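S.K.: Here it is, the structure, as structure tokens.
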Amino acid sequence: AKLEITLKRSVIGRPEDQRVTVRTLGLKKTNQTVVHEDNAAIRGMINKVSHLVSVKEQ
RNA sequence: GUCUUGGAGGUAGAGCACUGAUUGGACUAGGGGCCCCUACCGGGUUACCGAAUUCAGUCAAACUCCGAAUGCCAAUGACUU
């Protein structure tokens with residue numbers, strides 16, 4: 001399942017468990033839209049980052 | 001990194017399984033009181049303290065029969081980087 005991921009809130013000030021999981025999705029600017037296919041791995045990457053990332057169904 | 005799975009460790013919490021500390025009641029070994037007599041063996045009075053033991057109930061960084069949340073060490077399946 002294709003799945004948009006955007007940054008509604010930046011990376012400054014969050015701890016660096018909440019940066020690498022942001023980084024390993026390729027996110028490197030706010031409101032950058034990197035679309036990976038949905039998977040139980042990647043659904044577990046948005047659990048740790050939920051106050052920061054909006055998912056989107058495709 | 002993220003999910004699954006495997007773990008080590010005795011923390012925060014709790015509870016008393018021990019090391020301690022402790023409230024109150026039954027239980028009363030011992031003691032004291034008071035007399036009798038003790039010239040001595042001893043006995044009776046306790047709304048007098050009281051060891052054990054027991055019914056509950058409290059609290060511990062140097063208390064754990066118990067034990068989380070994460071966190072670390074890796075595997076092999078990937079999905080990014």
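Letters A, B, ... mark the chains of the structure tokens in the order given; residue numbers begin at 1 per chain; ligand numbers begin at 1, in order shown.
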May I have the residues within 12 Å of residue 69 of chain B as a VMD selection string, using only C-alpha atoms (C1' of nucleotides) and disregarding those fewer than 4 positions away in the same chain?
M.R.: chain B and resid 11 to 13
S.K.: Can you check which residues of chain B have any atom within 10 Å of chain A? Use only C-alpha atoms (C1' of nucleotides) and format it as a PyMOL selection string.
M.R.: chain B and resi 1-4+78-81
S.K.: Let me see the file: selected residues, N, CA, C and O atoms (P, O5', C5', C4', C3', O3' and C1' of nucleotides), as a PDB file, in the first residue's frame.
M.R.:
ATOM      1  P     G B   1      19.830   1.440  16.060  1.00  0.00           P
ATOM      2  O5'   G B   1      18.380   1.853  15.562  1.00  0.00           O
ATOM      3  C5'   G B   1      18.092   3.204  15.254  1.00  0.00           C
ATOM      4  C4'   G B   1      17.023   3.307  14.204  1.00  0.00           C
ATOM      5  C3'   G B   1      15.798   2.453  14.436  1.00  0.00           C
ATOM      6  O3'   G B   1      14.895   3.088  15.318  1.00  0.00           O
ATOM      7  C1'   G B   1      16.477   2.365  12.151  1.00  0.00           C
ATOM      8  P     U B   2      14.114   2.261  16.444  1.00  0.00           P
ATOM      9  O5'   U B   2      12.963   1.527  15.633  1.00  0.00           O
ATOM     10  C5'   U B   2      12.039   2.277  14.863  1.00  0.00           C
ATOM     11  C4'   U B   2      11.294   1.398  13.898  1.00  0.00           C
ATOM     12  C3'   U B   2      10.921   0.027  14.412  1.00  0.00           C
ATOM     13  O3'   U B   2       9.814   0.040  15.287  1.00  0.00           O
ATOM     14  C1'   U B   2      11.747  -0.146  12.209  1.00  0.00           C
ATOM     15  P     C B   3       9.738  -1.024  16.483  1.00  0.00           P
ATOM     16  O5'   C B   3       9.062  -2.283  15.803  1.00  0.00           O
ATOM     17  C5'   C B   3       7.851  -2.103  15.095  1.00  0.00           C
ATOM     18  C4'   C B   3       7.486  -3.305  14.274  1.00  0.00           C
ATOM     19  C3'   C B   3       7.316  -4.590  15.074  1.00  0.00           C
ATOM     20  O3'   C B   3       6.032  -5.163  14.900  1.00  0.00           O
ATOM     21  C1'   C B   3       8.776  -4.923  13.199  1.00  0.00           C
ATOM     22  P     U B   4       5.414  -5.985  16.134  1.00  0.00           P
ATOM     23  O5'   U B   4       5.734  -7.502  15.766  1.00  0.00           O
ATOM     24  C5'   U B   4       6.471  -8.342  16.643  1.00  0.00           C
ATOM     25  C4'   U B   4       7.056  -9.519  15.901  1.00  0.00           C
ATOM     26  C3'   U B   4       7.738 -10.548  16.765  1.00  0.00           C
ATOM     27  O3'   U B   4       6.808 -11.400  17.390  1.00  0.00           O
ATOM     28  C1'   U B   4       9.048 -10.139  14.834  1.00  0.00           C
ATOM     29  P     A B  78      15.013 -11.802   2.961  1.00  0.00           P
ATOM     30  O5'   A B  78      14.330 -10.836   1.898  1.00  0.00           O
ATOM     31  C5'   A B  78      14.264  -9.438   2.122  1.00  0.00           C
ATOM     32  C4'   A B  78      13.060  -9.075   2.953  1.00  0.00           C
ATOM     33  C3'   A B  78      12.643  -7.620   2.899  1.00  0.00           C
ATOM     34  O3'   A B  78      11.824  -7.394   1.773  1.00  0.00           O
ATOM     35  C1'   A B  78      12.575  -8.436   5.145  1.00  0.00           C
ATOM     36  P     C B  79      11.589  -5.918   1.209  1.00  0.00           P
ATOM     37  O5'   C B  79      10.488  -5.317   2.189  1.00  0.00           O
ATOM     38  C5'   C B  79       9.625  -4.271   1.784  1.00  0.00           C
ATOM     39  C4'   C B  79      10.065  -2.962   2.374  1.00  0.00           C
ATOM     40  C3'   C B  79      11.261  -2.315   1.705  1.00  0.00           C
ATOM     41  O3'   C B  79      10.903  -1.600   0.538  1.00  0.00           O
ATOM     42  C1'   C B  79      11.474  -2.206   4.071  1.00  0.00           C
ATOM     43  P     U B  80      12.027  -0.873  -0.347  1.00  0.00           P
ATOM     44  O5'   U B  80      12.087   0.596   0.258  1.00  0.00           O
ATOM     45  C5'   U B  80      13.326   1.249   0.462  1.00  0.00           C
ATOM     46  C4'   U B  80      13.259   2.199   1.627  1.00  0.00           C
ATOM     47  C3'   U B  80      14.467   3.095   1.784  1.00  0.00           C
ATOM     48  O3'   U B  80      14.328   4.262   0.999  1.00  0.00           O
ATOM     49  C1'   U B  80      13.939   2.087   3.864  1.00  0.00           C
ATOM     50  P     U B  81      15.602   5.161   0.631  1.00  0.00           P
ATOM     51  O5'   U B  81      15.862   5.994   1.958  1.00  0.00           O
ATOM     52  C5'   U B  81      17.014   6.796   2.091  1.00  0.00           C
ATOM     53  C4'   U B  81      17.798   6.437   3.323  1.00  0.00           C
ATOM     54  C3'   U B  81      19.300   6.350   3.140  1.00  0.00           C
ATOM     55  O3'   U B  81      19.916   7.601   3.341  1.00  0.00           O
ATOM     56  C1'   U B  81      18.485   4.513   4.436  1.00  0.00           C
TER      57        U B  81
END
S.K.: From a backbone DSSP assignment, name each residue in chain A labelled alpha helix (DSSP H), as a list in words.
M.R.: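 Of chain A, only residues 17, 18, 19, 20, 21, 22, 23, 40, 41, 42 and 43 of chain A fall in alpha helix (DSSP H).
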S.K.: Go ahead and write the residues just picked, C-alpha atoms, as an mmCIF file, in the first residue's frame.
M.R.:
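So out32.cif came out as:
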data_model
loop_
_atom_site.group_PDB
_atom_site.id
_atom_site.type_symbol
_atom_site.label_atom_id
_atom_site.label_comp_id
_atom_site.auth_asym_id
_atom_site.auth_seq_id
_atom_site.Cartn_x
_atom_site.Cartn_y
_atom_site.Cartn_z
ATOM 1 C CA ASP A 17 15.630 8.293 18.449
ATOM 2 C CA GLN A 18 13.131 10.604 16.814
ATOM 3 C CA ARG A 19 15.656 11.736 14.245
ATOM 4 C CA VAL A 20 17.064 8.539 12.767
ATOM 5 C CA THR A 21 13.615 6.996 12.344
ATOM 6 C CA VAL A 22 12.728 10.270 10.651
ATOM 7 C CA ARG A 23 15.952 10.108 8.649
ATOM 8 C CA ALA A 40 4.589 -3.760 9.400
ATOM 9 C CA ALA A 41 8.108 -2.395 9.571
ATOM 10 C CA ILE A 42 7.148 1.063 8.315
ATOM 11 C CA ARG A 43 3.907 1.095 10.293
#
S.K.: Excluding residue 8 of chain A and any residue of its chain fewer than 3 positions from it, enumerate the residues within 12 Å of it, using only C-alpha atoms (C1' of nucleotides), and give them as a PyMOL selection string.
M.R.: chain A and resi 5+11+27+29-33+49-55
S.K.: Please write the residues from the selection above to a file, keeping N, CA, C and O atoms, as a JSON list (two decimals), in the first residue's frame.
M.R.:
[["chain", "number", "residue", "atom", "x", "y", "z"],
["A", 5, "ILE", "N", 4.06, 10.34, 3.56],
["A", 5, "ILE", "CA", 4.57, 10.70, 4.87],
["A", 5, "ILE", "C", 5.10, 12.12, 4.78],
["A", 5, "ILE", "O", 5.97, 12.41, 3.96],
["A", 11, "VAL", "N", 12.31, 18.79, 13.21],
["A", 11, "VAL", "CA", 13.18, 17.81, 13.83],
["A", 11, "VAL", "C", 14.05, 18.43, 14.92],
["A", 11, "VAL", "O", 14.58, 17.70, 15.77],
["A", 27, "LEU", "N", 13.11, 11.47, 5.15],
["A", 27, "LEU", "CA", 12.61, 12.80, 5.46],
["A", 27, "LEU", "C", 13.76, 13.71, 5.84],
["A", 27, "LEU", "O", 14.52, 13.40, 6.76],
["A", 29, "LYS", "N", 13.31, 17.52, 5.09],
["A", 29, "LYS", "CA", 12.77, 18.87, 5.19],
["A", 29, "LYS", "C", 11.35, 18.74, 5.72],
["A", 29, "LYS", "O", 10.73, 17.69, 5.59],
["A", 30, "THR", "N", 10.83, 19.82, 6.31],
["A", 30, "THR", "CA", 9.43, 19.81, 6.69],
["A", 30, "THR", "C", 8.55, 19.86, 5.46],
["A", 30, "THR", "O", 8.89, 20.54, 4.48],
["A", 31, "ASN", "N", 7.43, 19.15, 5.53],
["A", 31, "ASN", "CA", 6.52, 18.95, 4.40],
["A", 31, "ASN", "C", 7.25, 18.40, 3.19],
["A", 31, "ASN", "O", 7.11, 18.89, 2.07],
["A", 32, "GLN", "N", 8.09, 17.41, 3.43],
["A", 32, "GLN", "CA", 8.64, 16.56, 2.39],
["A", 32, "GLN", "C", 7.80, 15.29, 2.35],
["A", 32, "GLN", "O", 7.44, 14.75, 3.40],
["A", 33, "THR", "N", 7.47, 14.82, 1.15],
["A", 33, "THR", "CA", 6.47, 13.78, 0.98],
["A", 33, "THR", "C", 7.11, 12.54, 0.38],
["A", 33, "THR", "O", 7.06, 12.32, -0.83],
["A", 49, "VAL", "N", 6.96, 7.87, 15.79],
["A", 49, "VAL", "CA", 6.93, 9.23, 15.27],
["A", 49, "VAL", "C", 5.48, 9.48, 14.87],
["A", 49, "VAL", "O", 5.09, 9.26, 13.72],
["A", 50, "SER", "N", 4.68, 9.95, 15.80],
["A", 50, "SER", "CA", 3.26, 10.12, 15.56],
["A", 50, "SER", "C", 2.79, 11.54, 15.76],
["A", 50, "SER", "O", 1.82, 11.95, 15.12],
["A", 51, "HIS", "N", 3.45, 12.29, 16.62],
["A", 51, "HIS", "CA", 3.26, 13.72, 16.81],
["A", 51, "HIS", "C", 3.97, 14.56, 15.77],
["A", 51, "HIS", "O", 4.05, 15.78, 15.92],
["A", 52, "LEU", "N", 4.51, 13.93, 14.76],
["A", 52, "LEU", "CA", 5.39, 14.59, 13.83],
["A", 52, "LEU", "C", 5.09, 14.25, 12.38],
["A", 52, "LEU", "O", 5.46, 15.01, 11.49],
["A", 53, "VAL", "N", 4.42, 13.13, 12.13],
["A", 53, "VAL", "CA", 4.25, 12.58, 10.79],
["A", 53, "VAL", "C", 2.77, 12.30, 10.53],
["A", 53, "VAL", "O", 2.12, 11.61, 11.33],
["A", 54, "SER", "N", 2.25, 12.81, 9.42],
["A", 54, "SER", "CA", 0.92, 12.44, 8.95],
["A", 54, "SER", "C", 1.03, 11.37, 7.88],
["A", 54, "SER", "O", 1.73, 11.56, 6.88],
["A", 55, "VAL", "N", 0.35, 10.26, 8.09],
["A", 55, "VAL", "CA", 0.23, 9.23, 7.07],
["A", 55, "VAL", "C", -0.88, 9.62, 6.10],
["A", 55, "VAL", "O", -1.64, 10.55, 6.36]]
S.K.: Of the residues B:50, B:71, B:44, B:10, which is the one nearest to residue 31 of chain B, using only C-alpha atoms (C1' of nucleotides)?
M.R.: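 For residue 31 of chain B, the nearest of the candidates is B:50.
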S.K.: What does the distance between atom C1' of residue 22 of chain B and atom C1' of residue 47 of chain B come to in Å, to one decimal place?
M.R.: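 Going from atom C1' of residue 22 of chain B over to atom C1' of residue 47 of chain B covers 25.2 Å.
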S.K.: Work out how far apart atom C1' of residue 68 of chain B and atom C1' of residue 16 of chain B are and give it in Å to one decimal.
M.R.: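 For atom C1' of residue 68 of chain B relative to atom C1' of residue 16 of chain B, the distance reads 20.4 Å.
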S.K.: To one decimal place in Å, what is the distance between atom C1' of residue 61 of chain B and atom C1' of residue 14 of chain B?
M.R.: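 Answer for the atom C1' of residue 61 of chain B to atom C1' of residue 14 of chain B separation: 16.8 Å.
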S.K.: From a backbone DSSP assignment, name each residue in chain A labelled strand (DSSP E or B), as a ChimeraX atom specification.
M.R.: /A:2-7,36-37,53-57
S.K.: Using only C-alpha atoms (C1' of nucleotides), which of B:21, B:55, B:8, B:48 sits nearest residue 34 of chain B?
M.R.: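 Among the listed residues, B:48 lies closest to residue 34 of chain B.
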S.K.: Please list as a list in words every residue within 12 Å of residue 27 of chain B, counting only C-alpha atoms (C1' of nucleotides) and excluding residues in the same chain fewer than 2 positions away.
M.R.: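 Those residues are residues 25, 29, 50, 51, 52, 53, 54 and 55 of chain B.
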